[PDB]
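Report on one structure; see the data block that follows.
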Amino acid sequence: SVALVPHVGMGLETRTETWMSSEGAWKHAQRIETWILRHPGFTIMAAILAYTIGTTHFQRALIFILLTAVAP
Amino acid sequence: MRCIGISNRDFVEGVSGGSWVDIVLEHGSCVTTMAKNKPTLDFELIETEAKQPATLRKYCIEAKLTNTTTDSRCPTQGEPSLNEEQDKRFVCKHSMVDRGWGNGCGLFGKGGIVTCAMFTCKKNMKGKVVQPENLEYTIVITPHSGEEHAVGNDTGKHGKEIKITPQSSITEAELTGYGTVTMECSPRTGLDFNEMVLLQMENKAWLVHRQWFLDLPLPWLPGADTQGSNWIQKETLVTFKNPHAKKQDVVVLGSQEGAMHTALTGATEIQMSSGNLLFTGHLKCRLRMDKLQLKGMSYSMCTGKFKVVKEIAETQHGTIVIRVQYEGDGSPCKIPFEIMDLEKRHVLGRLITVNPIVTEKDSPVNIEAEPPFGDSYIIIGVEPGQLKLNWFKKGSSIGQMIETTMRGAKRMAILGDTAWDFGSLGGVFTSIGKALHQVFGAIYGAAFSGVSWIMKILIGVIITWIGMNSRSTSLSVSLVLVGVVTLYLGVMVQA
Amino acid sequence: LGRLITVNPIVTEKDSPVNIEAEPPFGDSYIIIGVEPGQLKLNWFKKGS
Amino acid sequence: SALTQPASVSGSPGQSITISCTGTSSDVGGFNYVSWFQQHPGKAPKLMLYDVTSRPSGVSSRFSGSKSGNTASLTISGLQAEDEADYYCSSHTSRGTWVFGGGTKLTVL
Amino acid sequence: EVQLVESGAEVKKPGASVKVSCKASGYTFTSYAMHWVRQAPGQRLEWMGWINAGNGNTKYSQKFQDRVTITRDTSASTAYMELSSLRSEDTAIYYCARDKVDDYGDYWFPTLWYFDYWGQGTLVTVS
Ligand SMILES: *[C@@H]1O[C@H](CO)[C@@H](O[C@@H]2O[C@H](CO)[C@@H](O)[C@H](O)[C@H]2NC(C)=O)[C@H](O)[C@H]1NC(C)=O
């Protein structure tokens, strides 16, 4: 809904602080990592699937971070 | 003098070329200008007022659905037809139920059904917009040589209170005792309105992007739409429950207010209640100091025996403040303020309230100054009543050059290309730096916008890693300007 | 810098306004109208161009 | 849906008084169409101001006016004795129609 | 040198249809619109008029769109009001009003000046 597209990458920022910064700056990492610790099997699945495709050793890490980050 | 105690200071110095200097000043930043003559002033932008806005689109937050009714029709002989499907108040939805002999129709197939309920409203928001004329900036100019109890206060007038519009002029500020300062401020290129919508919920207000505000899914209404019945995308605040293949029904989706305060993570909050005041943004200035007096010539030098009533207090990067109080005769007089080393041979460290005087002897005077790194001996008065006070500014080094570098890159992070102000037209360095910074700015923006705090660091690690593995000396091409710069911008955003 | 379009705009019958038209350049330019007292100086910014 | 200029206004000769009128965002709030009509009672109404601040030939430069969003004004600088007539405002909606205000009869003593 | 004279009706009882006329003189009648306003003695100006041209189009008021109708003839250079179903509160002075149509013949946007030149004012009463 409107809780998505949260008006972040607009520019428009000045030295005075925003509406909720220092709270909504670490919400997405906390959200996806409580998702990881409450749904680990998709992270194992993304580890095997990420290790299989993507030959070079950096593509495993990039595809693994992106696959565990798209699924919330 | 309103500038002491504010953690953002930005000392600017140099009236070179003609008699002007470029400064750019924010709301939470009070700027102090120094010169070889031309006494030190303090500039603080206190408010921005947009005068007459006109709303363009009225979204709504919480609604309710009344007069709910439904209508169905037999299989294969067409859609239903409800009488109040003709109003655009009633939100409509066609779907298929299962019908048969038990429902009283025949043919045993999937019928058609329609459902309507009148969509009223309870809570709106107004998106008000302005054009970059008819709005003023209030700016205060407080001179130094502080009288009794005027250091960092905002209550009570101590400086001139000039208003500046895009309709304005030279804007002479006639300071009493001092000269007359003129400011060629440019408010049109300051904050870039016409891409800003002054959003206004129940008792708060923000400053949102225009294209963000138009792409916002809630049932809206045009800003000129009196008798606001025809809500347009009503299907983003209703839902149609058809669980089985039976009777469907409407239920309202609830108040979208708490999901709207989460929509605004990045909108700088403003005040739209008895005035459309803003307290964000900036403007650059052209600060002309061709006519300024020091107020202190034809005041004879003092005859000693001063007395301190507020001690040396280093307020925020070595800009100490003393409040002496004078005892003696010949009360209109300059004071003998000098800062020496141990034995009185060399003068170290400038004075910031240049030429401090005494008026009305039983009233103290504030003296701000800047000591060097190490031992300094603050000296007031003459030899029968000498005050040789000690101060040790906590001895740093070129560490203030590295924190002036970090302050400068910080100001290039908040201000994009206006940050090449605070300089009085170096020319081949200042204008070429501003020009190439506008070229590299518009290839950064509109090719890296929309992403946030995390994704800038991720893409910056991707660009840094690609640069550390390429050939044909494109290593330093993809690190020094797009890698580490996007990590620094990646950590300085969300201010 | 900046071309005038309404060429030599004149005042006739002083108590009647006069409308002037010119082309500012691609940056910000300044609109000088008066001369020594009350030199009616204005700011205008222009995008892209 | 008429404009909201007041009942009446008074002024000594030589003063500089104002006459205000409010409206909505379709009447006055967006458009630069606001006109004023002086109407002596045994006389057809004569227009005093064009679109917002302009002025007909023959009308003296005593009459002026401005707009502040939904509100338009009329300031008569230097009241003489011959301003003893009511002033009707005017506008043009976005809808296409024409509205006039209530009327402010102005006495000079 | 622009003169717009009218004609006055004496007394119309409620129910009868009444029409007034304006003789627009001094300009090209086919390239200027013709508005109609009214004024009761001691009250406002409300707008009755429509938007004439060489075309002959209309735009009536929202209050009494179902009350008035038109006719005109450019050979006589006169525009005619037609107010049928006269009522008790309808005692008012009817003023004539002109403004200029577009150069494309139609009347889409008005000129910035509306009513620079006027009429006389036609009084009707009831009994
Ligand atoms: C900021 O300035 C105001 C204005 O002078 C100071 O308020 C004065 O405080 C003295 C204290 O003795 C009173 O006698 C005055 O009547 C006050 N003046 C007013 C209220 O207008 C205020 O103290 C200053 N603030 C600081 C922190 O020095």
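General observations
- Solvent-free Debye calculation, one equal scatterer per alpha-carbon of segment B:331-442: log10 I(q)/I(0) at 0.11, 0.14, 0.20, 0.22 Å⁻¹ equals -0.61, -0.79, -1.04, -1.16.
- Amide H contacts under 5 Å for B:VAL308: B:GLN325, restricted to partners 5 or more places along the chain or on a different chain, H placed in the peptide plane at 1.01 Å from N.
- Neighbour cut-off at most 13 other Cβ (10 Å), DSSP loop, chymotrypsin sites (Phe, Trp or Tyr not before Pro), segment B:363-469: B:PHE429
- Over the protein assembly as shown, dividing the summed -39,500 (n - 2.57) contributions of all DSSP H runs of at least 4 residues by the number of residues returns a 222 nm mean residue ellipticity of -3500 deg cm²/dmol.
- Paramagnetic reach from E:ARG67 in segment E:22-55 [backbone N under 19 Å; point 7 Å along Cα→Cβ]: E:35-51
- Look at the stretch D:50-63: the mean tally of other chain Cβ atoms within 10 Å of its residues' Cβ atoms is 2.
- Spin-label model, E:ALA40/B:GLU172: points 7 Å from Cα along the beta carbon direction are separated by 5.8 nm.
- D:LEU49 long-range amide H proximity, modeled H, under 5 Å: D:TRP36
- Alpha-carbon centroid distance for the pair segment B:216-295 / segment B:308-332, whole angstrom: 50
- Modelled FRET efficiency - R0 25 Å, D:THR75 with C:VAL18, Cβ distances, 0.05 increments: 0.70
- Here each label is just a point 7 Å from Cα along the line to Cβ, and for B:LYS310 and B:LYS246 those points are 7.9 nm apart.
- Anisotropy class of the protein assembly as shown from Cα gyration tensor, a/c 1.5 cut: oblate
- Modelled spin-label separation between E:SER7 and B:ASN67, with each label point placed 7 Å from Cα along the Cα-to-Cβ direction: 5.0 nm.
- Euclidean distance of C-alpha centroids, segment B:399-444 and segment E:16-42, integer Å: 68
- Spatially, segment D:1-73 and segment C:1-20 are offset by 27 Å when compared through their Cα centroids.
- Residue-count net charge about E:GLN62 - beta-carbon cut-off 13 Å; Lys, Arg +1, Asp, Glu -1: +2
- DSSP-loop GluC sites (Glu not before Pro) across chain A, with at most 13 other Cβ within 10 angstrom: A:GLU23
- Here r is the Cβ-Cβ distance between C:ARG3 and B:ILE443 and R0 is 45 Å; the resulting FRET efficiency, rounded to 0.05, is 0.90.
- Neighbour counts of C-beta atoms inside 10 Å place B:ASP42, E:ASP116 in the sequence E:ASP116, B:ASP42, starting with the fewest.
- Using bins of 10 Å that start at zero, the share of Cα-Cα pairs per bin across chain A amounts to 17, 35, 27, 18, 3, in whole %.
- Taken over segment B:79-198, the alpha-carbon convex hull comes to 220 cubic angstrom per residue.
The numbers here are math on the coordinates, done by the rules we state, and not lab data. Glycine gets a Cβ as well: all are built from the backbone with ideal geometry, and neighbour counts include every protein chain shown.
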